[PDB]
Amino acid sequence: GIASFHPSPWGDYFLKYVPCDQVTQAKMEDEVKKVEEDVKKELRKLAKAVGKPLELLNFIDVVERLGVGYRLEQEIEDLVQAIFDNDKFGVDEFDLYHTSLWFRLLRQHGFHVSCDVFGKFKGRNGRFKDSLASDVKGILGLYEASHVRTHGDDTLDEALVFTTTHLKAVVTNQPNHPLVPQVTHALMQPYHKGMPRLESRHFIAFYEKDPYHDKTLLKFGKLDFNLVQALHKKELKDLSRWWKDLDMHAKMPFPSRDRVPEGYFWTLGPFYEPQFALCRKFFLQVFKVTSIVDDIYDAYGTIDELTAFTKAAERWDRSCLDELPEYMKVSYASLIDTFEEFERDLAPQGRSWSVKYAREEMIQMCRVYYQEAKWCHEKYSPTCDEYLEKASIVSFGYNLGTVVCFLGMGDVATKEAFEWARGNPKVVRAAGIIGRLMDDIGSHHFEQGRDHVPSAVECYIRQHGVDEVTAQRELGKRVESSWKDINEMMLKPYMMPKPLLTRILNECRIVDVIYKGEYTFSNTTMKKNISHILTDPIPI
């Protein structure tokens, strides 16, 4: 009632999930496999067809945006490779939508195809023809393709401005145009920058409204979505039990109590496909443990108590439990226990040796937390570049996030990849810059800062002597440059194996979804995003 600050939007809904029995689950599995083989047969048909470039382009695009391209991964990559090798594929004669589709697909699969294919859509000024604004479909396609841009894609930089202006006008002057639901959604969330699972859920609904949609592809996307959603909800029921058990170790509740759905929503970002259950188990659990130690560093304890907790984290041993103040013991024990559990989970595969790399990242998290605490306790005001480089990029959590993602991926995560991520590569820093800058820009305005608690916008304002609007614009430029670094990371040849780079790309995407500021955690948008992918199956 009054003074009640205990929101429980979800209650026991996820704990009360009842999975269907094994006979049923295997029946649904075989149904979806039957339609998968149907899709693959039709795909083979389109590949050997003599002309017909656009049909194969659209078929590939639809299976990808329906969220079932993972069930056809190899088949698609080969096909796109063939398209890239066909130097007489006919791109010169495509309209805006299909030129944009060819460009976007090729860029997303690592092929560094040129922006010159867009030249025929420019006028004498060197700008895109405003006459193209009547081709709503093609403007939408160009808008979506422009978000794969890297450094040196000035055409795509201007294409984003051009398409944004015309798409906003479509929303405003043509409210009843058949594409307005899609245009409005894309303006809020470009597909390439959204969470794969959630954007595929929305595209399934859009695709059903397309009069020319392929019925078997729509059925494939719906059936696989419901199959994969049952796996998610079984995982979330179990992980809810584990999280609740951890919460009941303390007498007073942690802030993260009842926040398993939000944490698991986060966890679905890097990976939603069935084969990453172990990945999702690790990411969720580290998420909870991180939240718990974050509570320690955000409380009203002394800087000596925070020093002791950081040192004890560096030693990483239960002997430290007797030396720590009472209120820190549950969090410290959870650190030791959870990573021991990771070791047990990886022993049958002979992979326990890797837990070490995640443990070090966790120790790093404590160190940067300590630094942030220190800056506040000793009333030091860093510059923006100092705030980022010394604590805040890493304290966002993606140096730990990337290593924990690799933790569950099996033989592809070699020791060499763990050491690569441990050395703070440029792309992991980019993911962290995106997250940290969006979190800080959206958290509060300048006049709502906390004295002596550094933040990116306040640090930029005090360092460069500019106003809030300017600081927001320059930091937004840093976010955009980091996004271009991420898109260059997906261009061949790959630094690390693609399954590993894709985790970092997805970490950036889930941040674009959660920190859509213009709230951050546990608000109405988060509740609706969870409702979209984790409550009911898709009808029929």
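Numbering starts at 1 and runs along the sequence shown.
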query = What size is the break between residue 518 and residue 519 in terms of deposited sequence residues left without coordinates: none, 1 to 3, 4 to 9, or 10 or more?
reply = 1 to 3
key: Per the entry, higher mean C-alpha B factor between 433-441 and 119-127   = 119-127
ask   = Is the mean CA B factor in the deposited entry higher across 44-52 or across 483-491?
value = 44-52
request  = Please pick out which of 190, 348, 196, 175 has the largest Cα B-factor as recorded in the entry.
outcome  = 348
query = Between 236, 405, 113, 186, which carries the biggest CA temperature factor in the record?
reply = 113
ask   = How does residue 501 rank on Cα B-factor within its chain, lowest, middle or highest third?
value = middle
query = What third of its chain, lowest, middle or highest, does the C-alpha temperature factor of residue 60 fall into?
reply = middle
key: Entry-reported Cα temperature factor of residue 232, expressed as the chain third it lands in   = lowest
key: Third of the chain, ranked by Cα B-factor, where residue 95 sits   = lowest
task = Rank-wise, by C-alpha B-factor, drop residue 316 into the lowest, middle or highest third of its chain.
result = middle
